[PDB]
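S.K.: Dropping a structure here in C-alpha cells format, bear with me for questions.
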Amino acid sequence: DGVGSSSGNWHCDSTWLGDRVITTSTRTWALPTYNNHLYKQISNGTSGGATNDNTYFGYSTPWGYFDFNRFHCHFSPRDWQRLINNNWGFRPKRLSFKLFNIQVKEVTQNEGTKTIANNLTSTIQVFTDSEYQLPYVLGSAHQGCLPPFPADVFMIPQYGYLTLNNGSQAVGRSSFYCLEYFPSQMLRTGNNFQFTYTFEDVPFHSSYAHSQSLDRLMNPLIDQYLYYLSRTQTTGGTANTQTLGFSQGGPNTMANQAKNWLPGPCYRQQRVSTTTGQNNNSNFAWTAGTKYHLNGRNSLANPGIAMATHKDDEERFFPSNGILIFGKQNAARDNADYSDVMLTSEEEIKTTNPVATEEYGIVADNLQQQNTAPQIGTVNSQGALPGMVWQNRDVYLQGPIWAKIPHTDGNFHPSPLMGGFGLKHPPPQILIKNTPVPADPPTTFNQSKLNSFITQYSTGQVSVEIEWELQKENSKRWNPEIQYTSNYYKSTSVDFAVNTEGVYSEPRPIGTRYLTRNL
Amino acid sequence: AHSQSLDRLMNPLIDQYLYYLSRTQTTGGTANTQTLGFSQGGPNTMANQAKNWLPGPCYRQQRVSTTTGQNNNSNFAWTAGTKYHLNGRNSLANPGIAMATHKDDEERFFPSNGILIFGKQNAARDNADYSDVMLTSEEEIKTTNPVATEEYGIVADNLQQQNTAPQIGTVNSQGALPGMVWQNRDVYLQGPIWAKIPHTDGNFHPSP
Amino acid sequence: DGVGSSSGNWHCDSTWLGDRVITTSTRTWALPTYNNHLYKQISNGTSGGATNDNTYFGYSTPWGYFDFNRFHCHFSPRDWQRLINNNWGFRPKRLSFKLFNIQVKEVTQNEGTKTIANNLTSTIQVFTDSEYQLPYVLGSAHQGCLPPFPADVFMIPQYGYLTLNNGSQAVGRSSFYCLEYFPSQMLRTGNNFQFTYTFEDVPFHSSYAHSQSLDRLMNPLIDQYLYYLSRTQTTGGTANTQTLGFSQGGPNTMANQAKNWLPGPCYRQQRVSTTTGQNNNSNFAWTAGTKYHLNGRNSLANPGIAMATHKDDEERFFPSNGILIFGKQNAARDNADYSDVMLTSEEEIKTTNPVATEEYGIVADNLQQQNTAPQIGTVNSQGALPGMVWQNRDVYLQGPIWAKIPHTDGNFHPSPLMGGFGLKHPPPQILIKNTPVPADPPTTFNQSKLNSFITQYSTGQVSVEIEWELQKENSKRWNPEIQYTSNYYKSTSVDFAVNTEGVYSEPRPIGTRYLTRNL
C-alpha cells in the first residue's frame with residue numbers, strides 16, 4: 001500500500017449465469033470541500049412568498065455520500081434488454097462496494113494564476129451508517145448517482161437532513177447529528193476501503209404483464225349455476241309493476257356473472273391530455289392536484305398508489321401527478337416543455353388495477369322503497385377490501401431500485417410507491433469527506449477554532465457489484481410475445497450512445513413488462 | 001416518539017431527478033391559455049416532491065375545545081359523536097383508531113370521543129367537571145398519523161375538460177391504503193395492558 | 001508505515017455496558033511554531049500599575065500540549081443526559097491516547113504571494129511527563145482542550161510554567177526546565193504515537209442530590225427520651241426570677257432536638273443579586289471579595305470550599321466568587337455582561353452544607369452571671385469539626401474532570417475545589433513540538449547558534465478513549481424523579497447544535513445531580 005501503487009482495478013462488466021446475473025461498474029468521482037468544513041442550520045419559514053406546505057428545519061453537513069440507487073448504475077441498455085425480454089422477475093441478492101486509487105489534491109490561488117498539486121499526506125474519511133443511525137436520505141430520487149455512461153466522471157452529492165419543524169423553527173424533539181461522532185476510516189493515497197452487504201428477502205419484481213383481466217377469468221362457453229337479480233319490473237306493455245326475475249350469468253352477460261375477486265385500491269387523480277387543446281384553460285397543476293394532508297401541510301401523492309395510466313385507446317391521458325416523469329438529456333430544471341421530458345405509462349396493469357383518472361365503482365346511497373327511487377354514489381377513494389388483488393408500479397432502466405421502509409408500528413404493502421424494493425435494512429449510507437487541513441495557525445495561542453484551511457478536493461474510483469437473482473419464464477403461450485427492440489430504419493445517431501459532442505443520452509424510459517403471464 | 005415526519009424524509013439540499021406537473025396554464029399577461037409545464041421537486045417545494053409512503057388510516061371525529069366559549073352552544077356529545085353501526089344499534093367509536101389529538105399549537109382541541117379520559121381522585125361518576133378529569137394526548141403521532149379532527153386528504157371528484165373545471169372531494173374516512181405506515185395509541189401508567197383478540201375469521205392490525 | 005498510508009482511523013463513539021460506559025473522540029489539530037523555537041524568561045513585577053498580588057516569574061517554552069480535561073471532550077450532550085438521569089455516581093478507570101495522520105507543512109512567503117507545501121522529511125516530537133517531573137500545568141481550567149463539537153478543528157496550547165518569585169525577580173530556589181532534556185519520540189508523516197493510562201482508585205462522583213436534610217432525620221411522630229434546657233426564668237406574671245426547666249424534644253420542637261451530626265465547613269462569601277438594583281452601588285468585586293493570604297499576596301478563594309449557592313426562594317443570589325461561571329458562545333473576554341455568561345448553582349447541597357453567603361452558626365461569647373447577660377458570637381469561618389458531613393461541588397458537562405493533588409506532607413479532603421477527581425498520579429502531560437528545520441546556514445563556520453529556520457506548522461488527528469465506571473441507582477422512591485430534559489415547544493434553533501453559520505454552542509451548564517438519595 002504505497003504512493004506509487006494502484007490500490008484497485010477497473011471492474012466494469014456483466015456476467016449471466018442462468019438464474020443469476022452479476023453486474024459490476026466502476027466510475028471516477030470528484031469530491032470538493034462542502035460548507036467550508038461546517039455544519040450549518042438550514043431552515044425555510046412562512047415569510048416572503050413561502051407557503052406553509054414547504055416549511056422545514058434541518059442541517060447541511062460537510063460530508064458527501066455515495067449513491068447508486070438507479071438501475072442504470074448497474075445495467076447497460078443491452079443488459080437491461082436481456083433482462084426484460086426473458087425473465088418473469090428479478091431481485092437483488094448481495095453487493096460489494098469499493099473505494100480506491102484515491103488522490104487528494106490541493107489548489108493554490110495567486111494573482112489569477114491557479115495551480116493544482118498533490119498533497120500526499122492528506123486523508124479522506126469514509127464510513128457506512130450500518131446501524132441506520134443517521135437520517136436515511138437515499139431513496140428520495142435525488143441526483144448524484146453513478147452516471148449511466150461508464151466514461152462519465154461525476155461529482156459526489158452533499159449530505160444534509162431534515163427534522164421536526166414548526167414554521168421555520170425547531171421543536172423539542174428536533175434532533176441534531178454530527179457525523180464526526182461516528183467511527184470512520186481514514187485513508188491516504190494508497191489506502192482503499194470496501195464492504196459487503198446482503199439484501200434481505202424481498203419479492204421478485206413482476207417483469208411481466210397480465211394476459212388476462214380480472215373480470216374475464218371464466219369459461220366463455222358455459223353458464224354459471226348461480227343466479228342474480230335480473231329484473232325488478234314487468235315488461236309487457238304499459239301495465240308495468242314491480243316483480244322479481246332471476247337469471248344465470250353466461251357468455252353474453254359476463255359483466256353480471258358472480259366473481260371471486262375485486263380490483264386493487266384507488267385514490268383518483270385528475271386527468272390531463274398531451275394535446276393541450278383538450279385541457280381546461282387554467283393553471284390547475286397544484287389546485288386540482290391529488291394530495292395527502294399531514295399535520296397542517298399538504299403534499300402531492302406523487303406518484304401515489306399504483307393505477308393504470310389510462311384505459312383503452314387513450315394514450316394521450318395521464319394522471320396530473322400519478323406517473324414517473326424523466327427529463328430528456330439537457331431538459332431545463334424549471335418549466336421544461338412537454339417535448340423535453342419523458343412520461344412513463346403503467347398501462348400494463350389496467351388488467352387488475354383501477355384506471356388512475358376514473359372512479360373505483362358504484363355503491364348504493366339510500367334505501368329504495370315504493371315511494372323512493374334507488375340512488376347511487378360514485379367511489380373515488382377506495383381502501384383495501386377483502387378480495388382485492390393488484391400489481392405494483394413498474395421499475396425503469398433509469399428509475400430507483402430500493403427505499404428504506406419507515407420504522408413504524410405498522411404499514412400496508414411496503415412496496416415503495418415510486419417503484420422498487422422496500423427493505424427494512426437497505427444498503428447502508430456511505431458517507432465520505434475530505435479531512436480538514438489547517439493553513440499555518442497564529443504564532444501565539446488563541447482559543448478560537450481554526451477557520452483558515454488549505455484549499456483541496458479529492459478524486460478516485462468507485463466500484464459496485466450486485467448479484468441479481470432471476471426468475472425464468474415458463475409460458476405455454478403459442479404466439480410470439482411483445483419484446484423491447486431497437487429501431488430498424490436509419491437514424492441520425494444511435495439510441496443510447498454518444499453525440500458528435502460526446503454526450504451520452506437515454507432516448508426513452510424502458511420499462512420491464514414485456515413477457516406475459518396468466519392470472 | 002418519532003423525531004422526523006413522514007412528509008420530511010428527504011435531503012434538504014438536493015433536487016429530485018423526478019418531475020411533476022407544475023403548470024397547466026400560461027402566465028405572461030392576459031392571453032392565458034392552457035399549456036403543460038413540468039418541474040423538479042426541491043428544497044423549497046417539499047410538498048410537491050414524489051414520496052414513497054402515506055399517512056395512516058383515518059375516521060374523523062368532531063373537534064371540541066377546553067375553552068368552552070369556543071364551542072357551539074348545543075349539547076352535541078352524542079348527536080355529533082363519531083360512531084359505528086352494528087345490527088341496528090350505534091356505538092361510539094371510543095376512542096377509535098389512533099390519530100393525533102391535535103395539530104401544532106392547538107393543545108386546547110381534542111376529538112369528542114377520540115382520547116382516553118381518566119378521572120382525578122374522587123371525580124363524580126356522572127357529569128364530572130372538566131377540572132375533575134384528566135384528558136390524554138396522542139399528539140406524539142402527528143408525525144405519521146392523520147390528525148383526528150381533520151380530513152385525510154383530497155381526491156378528484158370529476159373529469160375536467162376545457163368546458164368543465166376540475167372538482168375535488170374531501171376524504172374524511174380512509175381505510176388501509178398500500179404504502180400507509182402508522183403508530184398505535186400510547187399506553188398509560190393507569191391504562192389497560194392487554195385485551196383478548198376476538199375469535200373471528202379475520203382482523204386487521206389486532207392492536208386493542 | 002509510509003507517506004501514502006493512513007496511520008490511524010477516526011474513532012469517535014460511545015458504548016454503554018451496564019456498569020461501564022466507554023467514550024471515544026477524535027479531533028483534528030494544528031500546531032504552530034511557538035516562541036521562535038526559544039525558551040524565554042517571562043516575569044511580572046510591581047512597576048507600572050501592576051499590583052503585588054499578581055507578581056510572577058517563569059518561562060515560556062517552544063512546546064505545545066494536549067489537554068482533554070473537560071467532560072464535553074468525551075460526552076456528547078445526549079450521552080451526558082444518559083449518564084446523569086440514571087446513575088448515582090461515576091468515575092474514570094483507564095484511558096488510551098493516540099496521535100496519527102501527522103502532516104508537517106512548510107510555508108513560503110514571497111512578495112505577498114503565500115504557498116503552503118508538504119515537507120515530507122520533517123518531524124514533530126512527542127513525550128509524556130510520566131514521572132511528573134515538569135510543572136503540572138493541567139488542572140487550572142485553561143482554554144485549549146479538545147472542542148466539544150467533533151467537527152471543530154482546534155489549535156494546540158503553548159506550554160509555559162511558573163516558579164518562585166520575589167516581585168519580578170527569581171530567587172535561589174527558582175527552577176528552570178528544558179523539555180529537550182527528556183527523551184522524546186520523533187515522528188515523520190506515516191509514524192504515530194500512543195500510550196495507556198490507568199486511573200488510581202478514586203471515589204465515585206455524587207451524581208445525586210439528597211432528599212433529606214441533616215436537621216430533619218428523626219421520626220416526626222415520636223418524642224426523644226433526652227431532655228434539653230427549655231426555660232431559664234419563671235413566667236407567671238411580673239415576679240419573674242430565674243429557674244431551670246427541662247423538656248423533651250418532639251415533632252414541634254425539631255430545632256431543639258438532640259442530633260448526631262453537624263453541617264459541613266464554612267468560609268463565608270459576600271452575597272450579590274442578579275437584580276443589580278438590589279446591590280450596593282460601589283465596585284466591590286475585589287474589595288469585598290473572599291480571599292486567602294499566602295506569603296504577602298492575596299488570591300480569591302475562587303470558588304473556594306463547597307457551599308450551597310443560596311437558600312430557599314433565593315435564586316437571584318450567589319457568592320461574589322463562590323461558583324463556577326461559564327461564558328455563552330462568543331462572550332467577551334473582559335467585562336462580559338451578565339446576559340453573556342452562565343452561572344452555576346450548588347443549591348442541591350443546602351441539605352448538608354452551609355449556605356455560602358450566611359454564617360455557620362452561633363457560639364457563646366462570655367460567661368453569663370446574675371449581673372451579666374449572656375452574649376453570642378456569629379461564626380463566619382468554621383474549620384472541620386468532629387461530626388461534620390458534607391457534599392463536594394458538582395461537576396459540569398463543560399467543567400474540569402481531574403486535578404493533580406499537590407505533593408505535600410499533608411492535606412484535607414483532596415477533592416479539587418473547582419470540581420472533579422483529585423489524583424496523586426493523574427493523566428500525564430502530553431507535550432508536542434515541531435522539530436526546528438534550519439534554513440541554509442552560512443558558508444564559513446560561525447560559533448553562533450542558528451536563528452534562521454524554515455517556516456512551518458503541523459496538523460493531524462488525536463484520539464482519546466476513556467472507560468468510566470457507573471454506580472447504578474437503587475432507589476425505593478415511589479414518585480417520579482427530577483430529570484434533565486430538552487425543551488418541549490418550538491424554538492429558533494436546536495439546543496446544543498449548530499447555527500445557520502455553523503457555530504456550535506452550549507446553551508446552558510448541565511449539572512449532574514438529578515436522581516435523589518436518602519441521607
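So you can find residues: chains in the C-alpha cells are A, B, ... in the order shown, residues in each start at 1, and ligands are numbered from 1 in order.
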Please provide as a list in words all residues within 7 Å of region 77-91 of chain B, with the sequence filter that same-chain residues fewer than 3 positions apart are discarded (counting only C-alpha atoms).
M.R.: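 Within the cut-off, the hits are residues 61, 62, 112 and 113 of chain B.
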S.K.: Please identify all residues of chain C having at least one atom at most 6 Å from any atom of chain A, considering only C-alpha atoms, and return them as a PyMOL selection string.
M.R.: chain C and resi 4-6+9-13+32+34+103+144+150-151+153-154+157+457+487-493+497-502
S.K.: Take the residues just selected and output them with N, CA and C atoms as an mmCIF file, in the first residue's frame.
M.R.:
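This went into selection36.cif:
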```
data_model
loop_
_atom_site.group_PDB
_atom_site.id
_atom_site.type_symbol
_atom_site.label_atom_id
_atom_site.label_comp_id
_atom_site.auth_asym_id
_atom_site.auth_seq_id
_atom_site.Cartn_x
_atom_site.Cartn_y
_atom_site.Cartn_z
ATOM 1 N N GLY C 4 2.217 7.371 1.863
ATOM 2 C CA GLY C 4 0.881 7.184 1.329
ATOM 3 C C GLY C 4 -0.071 6.318 2.134
ATOM 4 N N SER C 5 0.228 6.083 3.406
ATOM 5 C CA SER C 5 -0.652 5.260 4.223
ATOM 6 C C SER C 5 -1.135 5.908 5.489
ATOM 7 N N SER C 6 -2.447 5.913 5.651
ATOM 8 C CA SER C 6 -3.052 6.460 6.842
ATOM 9 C C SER C 6 -2.435 5.698 8.010
ATOM 10 N N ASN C 9 -7.326 5.650 12.303
ATOM 11 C CA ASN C 9 -8.682 5.901 11.840
ATOM 12 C C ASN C 9 -9.429 6.816 12.780
ATOM 13 N N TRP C 10 -10.562 7.321 12.305
ATOM 14 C CA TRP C 10 -11.375 8.227 13.095
ATOM 15 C C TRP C 10 -12.252 7.444 14.056
ATOM 16 N N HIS C 11 -11.868 7.434 15.325
ATOM 17 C CA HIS C 11 -12.631 6.725 16.343
ATOM 18 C C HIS C 11 -13.341 7.758 17.196
ATOM 19 N N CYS C 12 -14.660 7.804 17.090
ATOM 20 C CA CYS C 12 -15.449 8.758 17.853
ATOM 21 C C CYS C 12 -16.757 8.040 18.086
ATOM 22 N N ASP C 13 -17.047 7.712 19.338
ATOM 23 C CA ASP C 13 -18.252 6.957 19.631
ATOM 24 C C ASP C 13 -18.402 6.771 21.137
ATOM 25 N N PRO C 32 1.469 25.327 15.636
ATOM 26 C CA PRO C 32 2.369 26.297 15.020
ATOM 27 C C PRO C 32 3.733 26.153 15.669
ATOM 28 N N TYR C 34 6.066 27.753 18.301
ATOM 29 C CA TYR C 34 5.927 28.696 19.403
ATOM 30 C C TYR C 34 7.281 29.336 19.829
ATOM 31 N N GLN C 103 0.955 15.463 9.488
ATOM 32 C CA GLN C 103 1.398 16.140 8.273
ATOM 33 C C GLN C 103 2.149 17.410 8.678
ATOM 34 N N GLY C 144 -8.025 25.646 25.354
ATOM 35 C CA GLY C 144 -7.188 24.786 24.542
ATOM 36 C C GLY C 144 -7.439 23.293 24.621
ATOM 37 N N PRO C 150 -17.258 17.607 17.598
ATOM 38 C CA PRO C 150 -16.293 16.776 16.872
ATOM 39 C C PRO C 150 -15.788 17.318 15.541
ATOM 40 N N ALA C 151 -16.577 18.155 14.880
ATOM 41 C CA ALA C 151 -16.165 18.687 13.586
ATOM 42 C C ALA C 151 -15.233 19.892 13.670
ATOM 43 N N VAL C 153 -12.042 22.101 14.278
ATOM 44 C CA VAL C 153 -10.595 21.924 14.244
ATOM 45 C C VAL C 153 -10.028 22.891 15.273
ATOM 46 N N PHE C 154 -9.098 22.433 16.104
ATOM 47 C CA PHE C 154 -8.540 23.303 17.138
ATOM 48 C C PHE C 154 -7.026 23.477 17.120
ATOM 49 N N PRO C 157 -2.485 24.515 22.548
ATOM 50 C CA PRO C 157 -1.991 25.494 23.524
ATOM 51 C C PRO C 157 -0.481 25.464 23.694
ATOM 52 N N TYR C 457 4.454 24.482 10.236
ATOM 53 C CA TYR C 457 3.478 24.077 11.234
ATOM 54 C C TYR C 457 3.047 22.646 10.909
ATOM 55 N N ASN C 487 -36.154 21.157 25.871
ATOM 56 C CA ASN C 487 -37.383 21.951 25.906
ATOM 57 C C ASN C 487 -38.420 21.302 25.016
ATOM 58 N N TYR C 488 -39.692 21.515 25.327
ATOM 59 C CA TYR C 488 -40.738 20.902 24.524
ATOM 60 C C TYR C 488 -41.267 21.730 23.360
ATOM 61 N N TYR C 489 -41.481 23.024 23.568
ATOM 62 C CA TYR C 489 -42.036 23.837 22.493
ATOM 63 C C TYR C 489 -41.061 24.349 21.459
ATOM 64 N N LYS C 490 -41.613 24.866 20.364
ATOM 65 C CA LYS C 490 -40.807 25.365 19.258
ATOM 66 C C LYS C 490 -39.753 26.401 19.624
ATOM 67 N N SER C 491 -38.719 26.464 18.792
ATOM 68 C CA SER C 491 -37.610 27.372 19.008
ATOM 69 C C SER C 491 -36.857 27.653 17.712
ATOM 70 N N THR C 492 -36.219 28.818 17.661
ATOM 71 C CA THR C 492 -35.447 29.261 16.505
ATOM 72 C C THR C 492 -34.411 28.243 16.040
ATOM 73 N N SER C 493 -33.754 27.601 17.000
ATOM 74 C CA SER C 493 -32.726 26.614 16.700
ATOM 75 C C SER C 493 -32.757 25.491 17.730
ATOM 76 N N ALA C 497 -26.531 22.369 19.277
ATOM 77 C CA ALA C 497 -26.456 22.053 17.860
ATOM 78 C C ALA C 497 -25.777 23.240 17.195
ATOM 79 N N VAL C 498 -25.742 23.260 15.870
ATOM 80 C CA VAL C 498 -25.103 24.364 15.179
ATOM 81 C C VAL C 498 -26.047 25.451 14.677
ATOM 82 N N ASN C 499 -25.416 26.565 14.318
ATOM 83 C CA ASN C 499 -26.001 27.787 13.768
ATOM 84 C C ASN C 499 -26.394 27.608 12.325
ATOM 85 N N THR C 500 -26.734 28.735 11.721
ATOM 86 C CA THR C 500 -27.031 28.782 10.308
ATOM 87 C C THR C 500 -25.647 29.164 9.782
ATOM 88 N N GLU C 501 -24.773 29.527 10.723
ATOM 89 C CA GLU C 501 -23.394 29.926 10.447
ATOM 90 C C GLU C 501 -22.427 28.774 10.678
ATOM 91 N N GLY C 502 -22.927 27.692 11.265
ATOM 92 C CA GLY C 502 -22.079 26.542 11.520
ATOM 93 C C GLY C 502 -21.362 26.597 12.854
#
```
S.K.: Can you check which residues of region 209-285 of chain C DSSP gives as helix (DSSP H, G or I) on the backbone and send them as an NGL selection string?
M.R.: :C and (251-253 or 276-278)
S.K.: Let me see the file: selected residues, C-alpha atoms, as an mmCIF file, in the first residue's frame.
M.R.:
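Printed below is part_4.cif as written:
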```
data_model
loop_
_atom_site.group_PDB
_atom_site.id
_atom_site.type_symbol
_atom_site.label_atom_id
_atom_site.label_comp_id
_atom_site.auth_asym_id
_atom_site.auth_seq_id
_atom_site.Cartn_x
_atom_site.Cartn_y
_atom_site.Cartn_z
ATOM 1 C CA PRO C 251 -42.337 16.850 66.480
ATOM 2 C CA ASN C 252 -42.953 20.550 67.107
ATOM 3 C CA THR C 253 -39.552 21.256 68.586
ATOM 4 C CA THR C 276 -28.474 44.878 40.017
ATOM 5 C CA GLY C 277 -30.872 47.328 41.697
ATOM 6 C CA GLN C 278 -30.640 45.266 44.909
#
```
S.K.: Write down, as a PyMOL selection string, each residue of chain B that has any atom within 6 Å of an atom of chain A, counting only C-alpha atoms.
M.R.: chain B and resi 3-4+10-13+15-25+33-35+37-39+44-48+50+52+103+142+152-156+161-162+175-183
S.K.: Quick one: pull the distance between CA of residue 478 (chain A) and CA of residue 517 (chain A), Å, one decimal.
M.R.: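 If I compute the distance from CA of residue 478 (chain A) to CA of residue 517 (chain A), I get 12.3 Å.
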S.K.: Enumerate as a PyMOL selection string all residues of region 259-493 of chain A assigned to strand (DSSP E or B) by DSSP on the backbone, naming them with the chain letters and numbers the document uses.
M.R.: chain A and resi 262+266-267+271-273+291-294+297-300+308+317-319+325-327+336+341-343+355+361-364+369+372+376-379+381-382+388+402-404+410-411+421-423+430-434+438+453+456-472
S.K.: Mind pulling up the distance from CA of residue 17 (chain C) to CA of residue 95 (chain C)?
M.R.: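 CA of residue 17 (chain C) lies 16.3 Å from CA of residue 95 (chain C).
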S.K.: What does the structure give for the distance between CA of residue 164 (chain B) and CA of residue 317 (chain A), in Å to one decimal?
M.R.: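 Distance reported for this atom pair: 16.2 Å.
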S.K.: Which residues are close to region 199-213 of chain A, i.e. within 6 Å by only C-alpha atoms, leaving aside same-chain residues fewer than 5 positions away? Reply as number ranges by chain.
M.R.: A: 88-91, 93-94, 348, 351, 512-518
S.K.: Within 8 Å of residue 6 (chain B), counting only C-alpha atoms, which residues qualify if same-chain residues fewer than 6 places away don't, as a list in words?
M.R.: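 Neighbouring residues, sequence-local ones excluded: residues 53, 54, 55, 143 and 144 of chain B.
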S.K.: If we count only C-alpha atoms and set the cut-off at 7 Å, which residues sit around residue 111 (chain B), ignoring sequence neighbours fewer than 6 positions away in its own chain? Please answer as number ranges by chain.
M.R.: B: 61-64, 101, 148-149
